[PDB]
Structures are given as structure tokens and as C-alpha cells.
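[1] Structural data only, the sequence is not supplied:
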């Protein structure tokens, strides 16, 4: 099929209402890999961390898989768009594309 | 027109470029309800911003968005900016470029995020981030000199010669008016009066800005404090409690001069100015001494200029005369610099465009400006 | 035996002549009680000397006896010498001649006073003051060449031809490792980390010694710092704070190569070596380039020799090949030169005697040696 | 006496001073003899451009400036430049 990437689990598309909470995550197989979250193209979510957006990284020993999460709370209409999840490791680079839509 | 906002610690000054006085002056604070409200007629109003907070100060717990020239919480600042453009200015951010004033050798994140929020949260064609030492230099009207800029947030020194700058010569000092307030509250406790609440923290600051003054000589007044007759005044709290202070009020401003009370190794404001001067070229030193400019919130107290003049003259070489210029309303001088800077046609070309930000990124700020 | 003391900026290295490793290695610092103590049973030790100070570093305000190769306070130096001879060496000054190493074009008072303290404070039959460039030459084992001597004290260049020296040709450079540390502390503040204390000043220096390395090309790595992966490492402080650095570590060593970051007009170390060569005779120039020797505290970082080699080869004429000899443990090479210099029989006749000082006077130092 | 004739003017119609109420709209009309040139407007401290709070209407040789946020801080002088020609007018505000 396609080459085997860093993500054991690819992020999935999600839709949320205004003032609701939505969580997106990506799993990377096992030093700690670097993960970047991008909005639309040249916009970095890591520099947009605040009340509305939070970032969290965790490790699960049983499956030897790192879990990366994006936390969105009190979502606003301005947050509707395309989001890119990029994870890089010392030997390989890979990314995924997903869309967050908030309606009504 | 144009929009000029001063983001210095404690007070948020906003107004229109090309105007001699700003439209909106209020403290930069966010107040939240510490206590549980037990009423059925309230909208509950979880967050309060500006002077509204000052009236409701006792119940609310005040939090400063900006600490040491660095903003701890970004959305609080957004609420402040929203409050300044709409509530007092009554104008849209879209309408004009907005100028913000920033202290020298400030961290990269503050410039990048500040522009990002200005461009994204409030839509504006262009904006510019300026450095306080250079703006005062133009206000002064001199192409060569040394600028000591002490704002409410942090004290900075930035010498200049004929358009050329010396990064090594630029010295950042951690002494500020807010720091004095913390020292002041700490000093009050040994006299038997203790303040451990943010709402009452302002009350000592209020005392400091009008009751406090600067002694010609610290050691001589403190010595004469034992037999105080005219050194003590009565302060009236909203509470109704009566407070009388003596040598305590003039020894607070002293700490900037004498950090040893604070407990920090680093030298006071007059020694730091001298240090910066030494770094600078010998040829330009002579006009540096005769044109010292004082600015900021804590430079307000009378007699500072006289104490600084004798202290700088004594420690410094006598080869040249020492002249210090300390005009009134120097506290608002930083905002004034912002309004005059935005009033220059050449300057408008210089503003950092929204398009430029998106094409290259936040890191271009250092690249574009000094 | 014999006594060899390397009085450099920062660290004082002491030991016995004929040994391949010194007995004592501790910083040359003075510790005093900044804050008053409130206890019963303490000896109230007002002054602390050596590594003891390092242990009790936070309360104590450290002061360096030696600034830019110049000693600010003579008594403190005496305490250091007392500490080195008795505490680690465990020997008396009377027992052996003592050798001290001093930089070129140093003021007369430092050599005269240093001998005076060596004679009057510590009783010894003889002592000698040596010059680092000539000692390195002997260590090298060559009669002709050009010596580039750089260390904690200051960078010095002294050309030599068949035993004859040219005082005019000797060039002193003001760039040193300690200076880099001051630049480094200054550079950290923009990132968001600030160090304003002498005790923590050492910690950045410690970071520089192992974490920092010299980049083959400054612009290339800085450019690739945007996507830093292997560039950033985590340093652990005694405090329990985590520091992360990236492009910052290699840019510090760069300043010696590229003074423009410092803001000074003076050329870097490779250009200065070149300038000294130009002063020297054209005939002897050909072996000067292939006999370049690196010694001192700031020459420790790997890749310096490789960067210097390409830069000297590029700037210099292609008429001759360029070879630089930079063996490991070059930091201690200056001290080693002192120990080897004392070892030769010829040298012992050459030491400046106590009797000669008393009769002829302090001015004989220039007369007796180069 | 004053000079008999002025240089080659860039404005067909010169904006004229008017008086307005406090907080009420202010509208200025200016015209230029030669088309194809942009007209820049300046206020007693800052430049005026097509943006909100201010309104620029340009058609052919006619330029219109509208200010709806004008108040006590606009008292002073306004300058308008078309190409190489500069002309200024005064706005009076009565509280």
C-alpha cells in the first residue's frame, strides 16, 4: 500500500459546536519525537497556546507508543479551517491533514 | 489618524496619533470574583477590565497581565485592548495602524506574539513595534547622546552616536516602580502595619505617588526622623482607618538609588548610568553627561534630579559638567513618544505589514528593526 | 623542587616544578559576607579563600583579585598564595624558587609589586617573572617562529627569529575567554534567561566550556537553527532549573573570530595573527605560518585549529602551506611552560634575586629580562 | 504687494473651511484640475487614507473626505497634497 509512517494512529476529522470541547490525537512509535501543529499553511498552533488552545504529550508503556494531543476548548467560528499534524524523528519525517469545522 | 497604545506595567494609555493627550487612561488589570456571590439580580460578571475594577476592588482579586515587561496571560491583554479601542477611544482597529512601545533587549516571544495578536485578534492594515530609548532621543531633539529609559516595567539604558548603536553598551536594569511597591509593602510590616492583599497593595502605591518624595540626602533625613515634626502626614483609606508615616515614605524611592536595602548585589540607577557611559566612546561622553533624560512612573517624585545631579557629578569625572533634564509629565512621555513617532510620514513606510508577517513569519521582527 | 604558579583570570593553578600535573586547582576568588548573620557559635569568618568559597557561594559576594591580567587588590592575592602554598602544596616558600608567568606589555607596577610581595610576604631565595610567548617557543622546541598566545588573561602575539625578538612587532589583543563569558551572559537575556550575579556567572562559563563548540561556518548553522533538532541540549543547574540552548552555544566562540557581534572595530584572532606576521621579515614568514602554536584557556574548544587553518590559508598567500599545531591539554600548556622553564639549569642563574631587588631597585626587571 | 500669479495649481477647486457641531459628521469636497494623480490627505498630526473612521471618495477629478469620528481632538489644521501641490485648511470645533 503506502510506506510505514511514524504515526501508529492517524488523526481523525472532527466537528464541534461553538463553546464545545474537541480533542485530536496522534500516536508515534518509540529520545522524544518533535511534533508540530499547523493551521492552514504557515500558522503554528504552538505559538497560539492560551485559554482557547492547549498542547499535551504523553507516553504509554504497554504499547511503547507516544500519544500527542491537541486540546481545543470554548471553540470559536474563527477556528474553522484546515489543520496539519507534523511529527518528525531523527530518521524519518511524516505528516497528516485534517479539517476542524464548527457550525451554528 | 493613527492609534497609539502604551502597554507599560500598571497603566494602559491609549489615544489617537497626532493628539497632545490620550483618550483612555486606566490601569492594566483584570479582576475576577474571589468570593461566592449570593444574590439573584446579578449577571454574575465573571471578568472585569479597567477602571470598573478599581471601584469593585475589594471583592475582586486583581491580576496584572504584564509582569517585568512580559505578559503572563495573553487573553487578558486582549480584553484590555478591546476595552481601550471600544470603551474610551470608540474606534475600530481596522481604521488605523497601531503603534506599541517596547523596552530594549526584550524577549523574542513578546514581539512575535504581540504582533500576531494585533494582526489576528484586531484586524489592522499594519503595525509597528518601537523601542523607547530611540523615541525619547527624537523627542529630545538630539542625534547623539545616551538615553536612560526607566518605565513602570523595567529600567533600560541605550547610548547612541551619530546614528550608530552599541549593543554591548546597552544595559538592562531590573529596578522599577512596581518593584518599589513590593519593597514598600515589605518595609511597612516591620513598623506594625501589614498588607498581604492585592487590592490593598494599590493603596500603598497610591501613598507612594503623592506622599512620597526624594530626599536631598538619605542618611541625613533618616537621622532626623527620630524627632519628626513635619516628616509625618495622615493618609485616609476608603476604609476610614488612619495611617501616619514618617521617614518610611522617603526611604522607599531611595532603594532605586541604594539596592542594598532590597538585598540585591547590582548597583543603583545612578551607578548603572555611569557604567553605560563608560561602555560608550570617549568623544561622545561629554554630551552624554550634560543631557541625561529622566522618564517613567517612578521618576515623578521631586528632588530626584537634584540627588542624581550631585551623585553623578561626584562619581563621574569633573572634566565636563553634568546637566540633567527632568520635565514634568515624564510618566506620560513614553506614550507621547509613540504618538509623535506615528506622526512621521517616513515612519508609515516602516510599519510591519500583515502580508509580510504571513509570507516570512514572526522571526522577521528582529530582521526588520533594531 | 621549585614552585610554579599560574595567575590567570578566573582560576589559580599551582604546583611543583618537574611535575606533569599541578597540585592545586581552584578559582582565584575572594568571598565576603554580603548579608549579616544571625547565629551564635559561628567564627564569623569575614573572608573566605579558594574552593571553600565555591561551596558557600550563594551568600558570599565573590570578587576577582585579577582583572584583565591586572590585580585590583594585593592583600587578596596574598591570601590566595597563602592558600596555595599551605593548603594544597603543603610546602614553605623558603624551600624553593618561585616562578610566575606574566603577559607582554604589562604595567611596571605589577611586576615590581609582585616581586615585592613574593620576597617580603613569603621568604624565598629567588624568583623569576617570565613571558608566555618565549616559554611556549621553548616548549615547541623551535628557534624561529611566531607565537600566538591566548588565554583567560588576554590574547598576545610575539614573533621570534633565531633567538632575537622584535618589541615593536609584538601585538596585544583584548579578546579573551572571560570576555566571551560576559558577552554570553549578555546574550542569554534576550532569550529570556537572566544572570546578574557573580556566583551564577561561573555557571554560564561552565556551559561554554563543554556544551559550546566552534562552527565551521557561522551563517550556515544559524540559518539551520530554525529547525533545530540536535542543536538544542538540556543543561542542569544546582538550582533545579532546566536550560535549553541551540544556535546560541556556537555563536559565542564565534565572536573571537567575528568581533563585529561585540561591536568593536578590532579584528578577530585569525586577522590579528596575520597582522603580526606582516610586521615580521618576509624571509622568515614562510615557516611562521606552518609553525603556528595554540595555547591557553580559550583554545580548548574542538575545531578551532581547523577553522583557523582554512581562514589563515585563504587570507594568506598560497606561496606556502599552512600547518597549525594544536595538541590536546593546551589550556594547561601555559602552566606547563612555567614548570619546564624552571627545570632548565641555565634558567636558575637567570632568576631575579632578593639581594638585587633591595640594592638596584624595582626598575631592574625590564633591564634584566625581555 | 503679494505676487501677481501663483504657480501651476493642482486643484480645480480648493477645499473650504466649514464649521461643525461636536460629534456631528464632517464632510469636505476637493477637486483637482488634472486626473491620474492620487490625492493624499493629512490631519494636524497624522496622515489620512481610505480606511474606517475616515472616508475617501475619488471619482475622475473629484476627491471627497468624510470624517464621522471628528471631535475636540480634531481641532487644529488639515493639509492636503496632490502631486507636487500642497494646500491646507482649518477645522473649527465648538464645544
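    Noted; the coordinates are in hand. Numbers count the residues shown, from 1 in each chain, chains lettered A, B, ... in the order given.
[2] In three-state terms, label residue 87 for me.
    You didn't pick a chain, so chain A it is. Put simply, residue A:87 is strand when judged by DSSP: H, G, I helix; E, B strand; the rest coil.
[3] not quite, I wanted chain D
    Look at residue D:87: counting by three-state DSSP, its state is strand.
[4] Surely it and residue D:13 touch.
    No - applying CB atoms under 8 Å as the test, residue D:87 and residue D:13 come out as separate, 10.7 Å apart. Backbone N, C-alpha and C define where each C-beta goes, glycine included.
[5] dump the residue contacts of the closest residue to chain C within chain B.
    Across chain B, the shortest distance to chain C (CB to the nearest CB) belongs to residue B:107, at 4.4 Å. By CB atoms under 8 Å, 6 or more residues apart in numbering or on different chains, the residues touching residue B:107 are B:70, C:190, C:191, C:192.
[6] For it, give its distance to chain D.
    30 Å (CB to the nearest CB, to the nearest Å).
[7] Secondary structure class of residue 83, three-state.
    If you meant another chain, say so; for now it's chain A. strand.
[8] ah, no, chain B please
    Classification of residue B:83 by three-state DSSP places it in helix.
[9] Run a quick neighbour tally on it.
    When neighbours are counted by other CB atoms under 10 Å in any protein chain shown, residue B:83 registers 22.
[10] Equivalent analysis for residue B:287, please.
    The tally of other residues near residue B:287 (other CB under 10 Å) stands at 16.
[11] Of all the residues in the helix or strand containing it, which ones are buried?
    Residue B:287 belongs to helix B:282-290 when assigned by DSSP states H and E. If you call a residue buried by 16 or more other CB atoms under 10 Å in any protein chain shown, then helix B:282-290 has these buried ones: B:284, B:285, B:287, B:288, B:289.
[12] wait, what's in contact with residue B:12?
    Listed by CB under 8 Å, 6+ apart, the contact partners of residue B:12 are B:5, B:6, B:24, B:25, B:26, B:27, B:28, B:50, B:80, B:84.
[13] Next, find the distance separating residue B:24 from residue C:144.
    Residue B:24 sits 77 Å away from residue C:144, taking CB to CB, to the nearest Å as the criterion.
[14] Buried residues in the longest strand along chain A, which are they?
    The single longest strand within chain A, with elements called by DSSP state E, is strand A:93-103. Buried residues in strand A:93-103, defined by neighbour count with 16+ other CB under 10 Å: A:94, A:95, A:100, A:102.
[15] go on, stretch B:229-246?
    B:231, B:235, B:243, B:245, B:246.
[16] Just the residues contacting it, thanks.
    Residues contacting stretch B:229-246 (CB under 8 Å, 6+ apart): B:193, B:203, B:207, B:211, B:221, B:224, B:225, B:228, B:247, B:249, B:250.
[17] switch the cut-off to 7 Å
    If you take CB atoms under 7 Å, 6 or more residues apart in numbering or on different chains as the criterion, stretch B:229-246 is touched by B:203, B:207, B:211, B:225, B:228, B:247.
[18] what's residue A:23 in contact with, if anything?
    A:69, A:71.
[19] From chain C, how far off is it?
    Per CB to the nearest CB, residue A:23 is found 27 Å from chain C.
[20] Quick one: name whatever helix or strand follows the helix or strand where that residue lies.
    Element membership of residue A:23, judged by DSSP H and E, is strand A:22-29. Using DSSP H and E, the helix or strand that follows strand A:22-29 in sequence is strand A:34-39.
[21] so that next one versus strand A:22-29, what angle?
    Here strand A:34-39 runs at an angle of 150 degrees relative to strand A:22-29 (axes from the mean of the first three to the mean of the last three CA atoms, to 10 degrees).
[22] In chain D, which residue sits closest to chain B?
    Residue of chain D nearest chain B, by CB to the nearest CB: residue D:45 (1.8 Å).
[23] can you count the residues close to the closest residue to that residue other than its chain neighbours?
    Closest residue to residue D:45 in three dimensions, ignoring its sequence neighbours and counting by CB to CB, 6 or more residues apart in numbering or on different chains: residue B:18, at 1.8 Å. Counted by other CB under 10 Å, the residues lying close to residue B:18 total 21.
[24] what's near enough to touch residue B:18?
    Contact analysis of residue B:18 by CB under 7 Å, 6+ apart lists B:1, B:2, B:339, B:343, D:43, D:44, D:45, D:46.
[25] Contact distance from chain D - what residues of the stretch 101-250 of chain B qualify?
    For the stretch 101-250 of chain B, the residues in contact with chain D (CB under 7 Å from any CB of the partner chain) are residue B:125.
[26] Close to chain B: what parts of chain D are there?
    Proximity of chain D to chain B (CB under 7 Å from any CB) is limited to residues D:43, D:44, D:45, D:46, D:47, D:51, D:52, D:53, D:69, D:73.
[27] In chain D, which residue is most central in space?
    The residue lying closest to the centre of chain D (CA atoms, centre = their mean) is residue D:80, at 5.1 Å.
[28] Surely it and residue D:38 touch.
    No - Residue D:80 is beyond contact range of residue D:38, at 11.5 Å (criterion: CB atoms under 7 Å).
[29] can you redo the contacts of residue B:18 as a markdown table with distance to residue C:305?
    Formatted as a markdown table, the contacts of residue B:18 follow (distance: CB to CB, whole Å):
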| residue | distance to residue C:305 |
| --- | --- |
| B:1 | 62 |
| B:2 | 56 |
| B:339 | 56 |
| B:343 | 56 |
| D:43 | 64 |
| D:44 | 65 |
| D:45 | 61 |
| D:46 | 59 |
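[30] Sheet partners, orientation included, of the longest strand of chain A?
    strand A:14-17 (parallel), strand A:81-88 (antiparallel) (DSSP bridges).
[31] Just name the most buried of the ones you listed.
    Highest mean neighbour count of those: strand A:81-88, a mean of 18 (counted as mean count of other CB atoms under 10 Å in any protein chain shown).
[32] which outside residues touch that one?
    With CB under 7 Å, 6+ apart, strand A:81-88 has contacts from A:6-7, A:11, A:26, A:28, A:33-40, A:68, A:94-100.
[33] List the contacts of residue B:262.
    By CB under 7 Å, 6+ apart, the contact list for residue B:262 reads B:183, B:255.
[34] May I have the phi/psi pair for it?
    Reported as degrees, to the nearest 10, the phi and psi values for residue B:262 are phi -60, psi -40.
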